[PDB]
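Notes to accompany the following structure.
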Amino acid sequence: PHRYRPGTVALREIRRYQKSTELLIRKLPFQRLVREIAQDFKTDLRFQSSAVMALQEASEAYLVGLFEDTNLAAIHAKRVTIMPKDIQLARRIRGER
Amino acid sequence: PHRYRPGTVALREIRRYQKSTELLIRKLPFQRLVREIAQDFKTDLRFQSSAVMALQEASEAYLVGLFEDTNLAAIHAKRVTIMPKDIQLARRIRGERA
Amino acid sequence: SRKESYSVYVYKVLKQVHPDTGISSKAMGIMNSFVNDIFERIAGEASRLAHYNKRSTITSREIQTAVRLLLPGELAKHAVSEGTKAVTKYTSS
Amino acid sequence: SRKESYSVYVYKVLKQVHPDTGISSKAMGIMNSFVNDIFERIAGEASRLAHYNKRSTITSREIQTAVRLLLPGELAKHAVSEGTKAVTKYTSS
Amino acid sequence: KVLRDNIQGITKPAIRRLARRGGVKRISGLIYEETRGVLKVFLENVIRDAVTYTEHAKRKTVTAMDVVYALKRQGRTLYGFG
Amino acid sequence: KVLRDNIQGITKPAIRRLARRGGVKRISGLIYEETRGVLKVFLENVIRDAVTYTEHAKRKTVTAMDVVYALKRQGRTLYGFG
Amino acid sequence: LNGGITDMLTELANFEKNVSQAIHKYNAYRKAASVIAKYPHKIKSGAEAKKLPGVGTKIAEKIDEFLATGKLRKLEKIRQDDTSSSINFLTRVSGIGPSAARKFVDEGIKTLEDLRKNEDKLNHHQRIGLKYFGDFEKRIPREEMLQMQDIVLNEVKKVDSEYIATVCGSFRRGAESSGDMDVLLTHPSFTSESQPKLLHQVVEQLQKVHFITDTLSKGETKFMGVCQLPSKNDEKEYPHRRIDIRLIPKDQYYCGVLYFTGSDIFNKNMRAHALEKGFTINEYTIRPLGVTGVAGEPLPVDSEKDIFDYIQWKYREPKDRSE
Amino acid sequence: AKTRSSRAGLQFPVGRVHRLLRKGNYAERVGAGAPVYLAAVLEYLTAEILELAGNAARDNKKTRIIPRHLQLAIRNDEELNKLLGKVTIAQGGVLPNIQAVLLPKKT
Amino acid sequence: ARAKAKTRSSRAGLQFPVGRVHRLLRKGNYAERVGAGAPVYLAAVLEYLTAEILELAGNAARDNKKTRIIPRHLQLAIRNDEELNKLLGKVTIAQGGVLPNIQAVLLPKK
DNA sequence: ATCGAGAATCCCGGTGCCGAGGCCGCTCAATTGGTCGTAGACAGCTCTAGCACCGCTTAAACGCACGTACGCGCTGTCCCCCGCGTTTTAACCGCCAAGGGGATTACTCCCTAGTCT
DNA sequence: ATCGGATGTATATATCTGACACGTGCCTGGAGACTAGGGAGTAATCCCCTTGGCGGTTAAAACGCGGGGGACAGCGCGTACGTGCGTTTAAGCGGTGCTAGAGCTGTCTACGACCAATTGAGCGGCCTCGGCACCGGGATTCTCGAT
DNA sequence: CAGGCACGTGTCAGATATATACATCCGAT
């Protein structure tokens, strides 16, 4: 059986998910999550579809930027595996904590 | 020959400069540097003393924050000595240079 | 040239909460700058809201929503409670 | 009602620069949002400058200073040059 | 039916795809909970401001305009919608 | 006269004291040069805005109000000066 | 001896009232005009007139300029202003005030001719004021007031003998003329703690005998209207006169009579005397004053002499109530 | 009462806040209740800052507020640190904070 | 009278409307009075910025072998330029994507 | 240290599609032409403070010596994440109802402005 | 255990802040009913966009498992950075003198707000055909196990 | 418009802060 070496099937689809511009998160789970988060503030709230789409876009861009900074910190740490402490460091440096 | 271990005379200075509020930068060299920078945008400019003091306050606070972030990056990198690449990483993540 | 400052009001508040202490001039200027910054922020947010909802005026709701937007949870709740109490007291008299 | 937008103006600018290109609806919306954002930033900076300088009106000088103070470097220089040329052409009638 | 435990809707492959677009090579195992937590915090922060926006105007539907306003308030300035 | 070089006026002990206030123990040798560069570029960024504010007011004296406005423009609000 | 000084100051506050809409001047200028009008000396300098504290430079400068030049350029400019003069002339109509005259001049209505030509733009009160513009501005001799007072009292006792009506004001004080009639009525069954048709019966009875010719406003407490004495079938008809009817409870009627009898200076002096004697006197009742200023339960009032005795002051006839 | 502030029971000026709202070109019409509400909010925030500073100032056997005490009060609190996270204070200094790794050996 | 009209944008030789800019400046409540030269100057600045960003977007679109500009081309043009990226550093573009960027360390050493 | 098998991707061609762009019918906001109150441009005045210089005074900066400990290279252990295959599953698309909510009039109702003596 | 930096304790400057003194622009200056209209609060509708449900397909998610390459702990070292000391040199304080320009005020004067009257531009509706999405196969290229 | 008055600014006595001396008390060596 032909098996690719570990790492190649990562950089492949790194090229794919950086060349493409779809969502990469399913619509319905994110919609349900948004509704669950919203109902804690005011019960029985309605959401426009465009509002959920904008929330998804902004959140996904924020997550992409956070992962970029996490990868940068991991590379600085003499390492290629990103860890939660890298996310903590990036968030603390960015000023979110 | 009373010599302290390297590192103790670091914390004895850390607590002092964290417990105090002095500017830690000599005023006249900073004023000369500010005038040298300012003459590149408009010749024959004169500065109020309070403006120079505010500039010194802002630069001192910014450098202190940058050094704090550099220290955090250095400790994250499993190290206690800060290096210029730590400052590079801190500025990069902060969003300043790019 | 008569300057505009919040000095006497800050001093009155300090006497109302800590009668036995005083405040330096530099701290007075810092408090004045802080008050000016908060006032500018709240007024700007209220103006943004009034322009946003097509309204042509600023009422107590605009300032209240600005307070709720800027200040964090406990501070926002206490500020809204205090301001609502003040508005009710002013209206009732 | 009626929703005003910069669609026709952006289309004219695109035709004036690239005669053989099109543009999608979402790209047009992004361009419109960018135009509104930049206009809002420049107008706010000009208003802030007028308030700082105790003036009551905003003129070409205020907008020029705001443009020089917002846009970075050569972009600001070229914007100032183009705006000055346009103002001279307009005042020439 | 009040919603419950929908943070698990952000599946591990979705976080993996987001990280791949971010530009990481290999991903640890304990990172998914942290990513879900920070995602929940950010979403709560944005939606609280959006809900406060949509209540000052006496309305019950969260418009994308309110989301844009809330995002611009936090320093995001999302283009596109509106 | 004309100021030739003054970035060397920010001496090594000054950078060391600032770093100690930051909370470090050991400092490398290139930290001083890197910090001088960063301080120079930050001062240039602030001074450009301050000089623009001064020029708009048709004044030849850069007051503290111009400096605090320039600092507030970049989000680094300064208290105690105006 | 300031006949010209007083007259020139008269209209200045009026423009402040009907055009500038500033009562905070009008009142000060009328106080100054009254204090000048009673001063028994011809004014030579404004600084001398400043001896009335409250002559801040603003009156002193005007009087000095008037003495030096015989006029005021501000006054001359405001006299020849078409808009200001039109507004002032329109405000002479009853019911036409600052806002009404300003709006009429804004739409071009500036003279009595336009006011007559624009009936549809007027309410009932303004139309009645327009109809009797000349009649309302005329003064009323005392013999006519005696005739119509006799008629009013006859009709009031015709309605019910238990009614009590008193014509207060300058006519009660014995003045030879008045600008309007203030008639005060009470009823024993009507007290502060007690009929909404008591005034209606009197109004209907006076309208039946054709004494009241018009109604401006009529409520359960006070009535505004017009009256005119009948001519003896051969003489010229008497001009229409403004008559006021106010219904007061019995426990407040004599206090109201004292308040509306006047004069204003006399009323102010009586209030000051009550205050220094530890009492407060108003239009409606008199109350004792506590050591801390808290007013108590109002005292029973059954006569004006009772009110005078409350403040330890000798009863004064209305003829002696000039000040 | 006579002054508008006394009617609302505040020490901050209703009139000055209203005048600033008018001149500041925030909206061409300002309601009557907005300046009172804003004055109450500003008064509460000032009282919070001052009481936290006093609880900090007092603790070093010092009975006079110093910019260092204001910085300590703002940094120590959590909500106020979030409110003023991007604000620097002249002569404010830094919180005493040494990382545990930076601390020396147990020995 | 009433000579034949010619929009102030055409007077200034601008594609963007200076009249709409003037109306927005007046009704946005930015200042008590608005000068006559400010709307022209602002419209010229906006037109220059739009022309530059559209030129880079069209170049990117033709590079990607397309005739029609899409948000991906706008994101590529914004991020590729140095000054424009600095101008819009804190702006997220809907359906924009991410510039291809892989760290040199992650590449296979072999 | 390339051949070759195996897999992933670009290219060319064919087909259909839905929205980008153009045209028509407008409504209303931009434009012209006037008046009129005033924001500030331009001169004149102070007189405050920023700049230049000099003379001590000494605390910080610096060059150099010397120890030592920490970053970095290296090596060996092991463990856990990735590539691939197999088995659910709920995401998504298609249709339906439906129902309350944003956008309208519409009567009136306490609130606010005018007035007046 | 000794000894240089942290602690208290008492004292002597010293100094910047709070209780008076005087001026100066803000700040608010009668009331009691009787007309007359207004934003809006609720009653009453009108689409209609979002909510909810049900069923059919299947791309995607969950689960198992064999590695193999990367995370990580331990060792050795050698050189870069710490602390200390004598010396210099430039910051800092205190006068001394000077004038450039910040701040203020008076005078108009062009300039922008504001209002009729007019009309051409941009928005809404309604086609329509072509750039592009999608699918299929061939050609080209990238990757890993051995010869 | 005329009063009433809360701030603005200036001044000096003096609580409060700072610096200066000695006796204990605790991390390197």
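Counting neighbours? That spans all protein chains shown, and the Cβs are built from the backbone with ideal geometry, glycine included. Since every read-out is calculated from the coordinates, none of them should be taken as a lab result.
When you look at D:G83, is it facing chain I (nearest Cβ under 8 Å), surrounded by fewer than 19 Cβ atoms within 10 Å (Cβ to Cβ), assigned to a helix (DSSP H, G or I) and under 13 Å from the mean Cα position of the chain (by Cα), yes or no?
No, not satisfied.
Filtering the range D:19-39 down to residues that are within 8 Å of chain I (Cβ to nearest Cβ) and over 18 Å from I:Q75 (Cβ atoms), which residue is farthest from DNA strand J (Cβ to nearest atom)?
Selected residue: D:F39.
Within the bounds of the range G:276-290, is there any residue that is of a type in the set (D, E) and part of a helix (DSSP H, G or I)?
Yes; the residues of the range G:276-290 include at least one that is of a type in the set (D, E) and part of a helix (DSSP H, G or I).
Does at least one position in the range G:259-270 carry a residue that is crowded, with 18+ Cβ neighbours inside 10 Å, in a strand (DSSP E or B) and out of contact with any strand residue (DSSP E or B) (no Cβ under 7 Å at 6 or more places or on another chain)?
The answer is no, given that none of the residues of the range G:259-270 is crowded, with 18+ Cβ neighbours inside 10 Å, in a strand (DSSP E or B) and out of contact with any strand residue (DSSP E or B) (no Cβ under 7 Å at 6 or more places or on another chain).
Which of the following residues is under 15 Å from the mean Cα position of the chain (by Cα), closer than 18 Å to H:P35 by Cα and within 13 Å of DNA strand K (Cβ to nearest atom): C:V35, C:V10?
So the residue among C:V35, C:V10 that is under 15 Å from the mean Cα position of the chain (by Cα), closer than 18 Å to H:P35 by Cα and within 13 Å of DNA strand K (Cβ to nearest atom) is C:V10.
Kindly check whether there is at least one residue in the range F:39-57 that is in a loop (DSSP other than H, G, I, E, B), under 30 Å from D:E45 (Cβ atoms) and touching a helix residue (DSSP H, G or I) at 6+ places or on another chain (Cβ under 9 Å).
yes
If I go through the range G:43-52 residue by residue, how many of them are more than 29 Å from the chain's Cα centre (by Cα) and part of a helix (DSSP H, G or I)?
So the answer is 3.
Just one of (1) of a type outside the set (A, V, I, L, M); (2) within 7 Å of another protein chain (Cβ to nearest Cβ); (3) farther than 21 Å from B:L89 by Cβ trips up F:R26, so point out which.
Condition (3) is where F:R26 drops out.
Just checking, which of F:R73, F:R26 is charged (D, E, K, R) and under 16 Å from the mean Cα position of the chain (by Cα)?
Of F:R73, F:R26, the one residue that is charged (D, E, K, R) and under 16 Å from the mean Cα position of the chain (by Cα) is F:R73.
Specify which of the listed residues (G:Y253, G:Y259) is in contact with an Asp or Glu (Cβ under 9 Å, 6 or more places away or on another chain) and closer than 30 Å to G:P141 by Cα.
Exactly one residue qualifies, and that residue is G:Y259.
From the list G:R321, G:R246, G:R287, G:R242, which one is farther than 30 Å from G:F211 by Cβ and among the charged types (D, E, K, R)?
Exactly one residue qualifies, and that residue is G:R287.
Does any residue in the range E:1-15 that is within 7 Å of another protein chain (Cβ to nearest Cβ) come within less than 6 Å, Cβ to Cβ, of a residue that is aliphatic (A, V, I, L, M) and assigned to a helix (DSSP H, G or I) six or more places away or on a different chain, and which pairs are these?
As it stands, the answer is E:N6/A:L33; E:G9/A:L33, since those pairs meet every condition given.
Listed here are the residues, each with its yes/no results for (1) within 27 Å of B:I75 (Cβ to Cβ); (2) away from DNA strand L (no atom under 16 Å from the Cβ); (3) touching a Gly at 6+ places or on another chain (Cβ under 8 Å).
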residue	(1), (2), (3)
H:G33	no, yes, no
H:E78	yes, yes, no
H:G92	yes, no, no
H:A100	yes, no, no
H:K105	yes, no, no
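Spot the failing condition for A:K42; the list is (1) outside any helix (DSSP H, G or I); (2) near DNA strand K (Cβ under 8 Å from one of its atoms); (3) of a type in the set (D, E, K, R), and only one is missed.
(2)
Specify which of the listed residues (I:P71, I:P100, I:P108) is within 12 Å of chain E (Cβ to nearest Cβ), of a type outside the set (K, R), in contact with a helix residue (DSSP H, G or I) (Cβ under 7 Å, 6 or more places away or on another chain) and exposed (fewer than 13 other Cβ atoms within 10 Å of the Cβ).
Being within 12 Å of chain E (Cβ to nearest Cβ), of a type outside the set (K, R), in contact with a helix residue (DSSP H, G or I) (Cβ under 7 Å, 6 or more places away or on another chain) and exposed (fewer than 13 other Cβ atoms within 10 Å of the Cβ) holds for just one of I:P71, I:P100, I:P108, which is I:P100.
Kindly check whether there is at least one residue in the range C:54-74 that is within 16 Å of DNA strand L (Cβ to nearest atom), out of contact with any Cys (no Cβ under 9 Å at 6 or more places or on another chain) and of a type in the set (S, T, N, Q).
Looking through the range C:54-74, none of the residues is within 16 Å of DNA strand L (Cβ to nearest atom), out of contact with any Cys (no Cβ under 9 Å at 6 or more places or on another chain) and of a type in the set (S, T, N, Q).
Checking B:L33 against (1) under 14 Å from the mean Cα position of the chain (by Cα); (2) buried (at least 16 other Cβ atoms within 10 Å of the Cβ), which single condition isn't satisfied?
(1)
Among the candidates F:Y32, F:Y79, single out the residue that is more than 7 Å from chain B (Cβ to nearest Cβ), hydroxyl-bearing (S, T, Y) and within 27 Å of C:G29 (Cα to Cα).
Only one candidate passes the filter, namely F:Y79.
Of all helices (runs of 4 or more DSSP H) completely enclosed by the range I:12-110, which ones contain at least 3 residues that are within 16 Å of DNA strand J (Cβ to nearest atom) and touching a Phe, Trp or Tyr at 6+ places or on another chain (Cβ under 7 Å)?
Where helices (runs of 4 or more DSSP H) fall fully within the range I:12-110 and carry at least 3 residues being within 16 Å of DNA strand J (Cβ to nearest atom) and touching a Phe, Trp or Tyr at 6+ places or on another chain (Cβ under 7 Å), they are I:37-63.
Answer yes if at least one residue in the range A:12-19 is within 20 Å of E:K12 (Cα to Cα), hydrophobic (A, V, I, L, M, F, W, C), more than 8 Å from DNA strand J (Cβ to nearest atom) and out of contact with any strand residue (DSSP E or B) (no Cβ under 9 Å at 6 or more places or on another chain), and no otherwise.
So far as the range A:12-19 goes, yes, one or more of its residues are within 20 Å of E:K12 (Cα to Cα), hydrophobic (A, V, I, L, M, F, W, C), more than 8 Å from DNA strand J (Cβ to nearest atom) and out of contact with any strand residue (DSSP E or B) (no Cβ under 9 Å at 6 or more places or on another chain).
This table checks each residue for (1) at the interface with chain C (Cβ under 8 Å from one of its Cβ atoms); (2) of a type in the set (G, A, S).
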position: H:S6; (1), (2): no, yes
position: H:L10; (1), (2): yes, no
position: H:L20; (1), (2): yes, no
position: H:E28; (1), (2): yes, no
position: H:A47; (1), (2): yes, yes
position: H:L50; (1), (2): yes, no
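Working only within the range B:51-88, note down all residues that are at the interface with chain F (Cβ under 8 Å from one of its Cβ atoms), away from DNA strand K (no atom under 16 Å from the Cβ) and not small (G, A, S).
The answer is B:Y62, B:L63, B:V64, B:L66, B:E68.
Given C:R55, C:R61, C:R48, C:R68, which one is surrounded by fewer than 22 Cβ atoms within 10 Å (Cβ to Cβ) and either in a loop (DSSP other than H, G, I, E, B) or touching a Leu at 6+ places or on another chain (Cβ under 6 Å) (or both)?
C:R55
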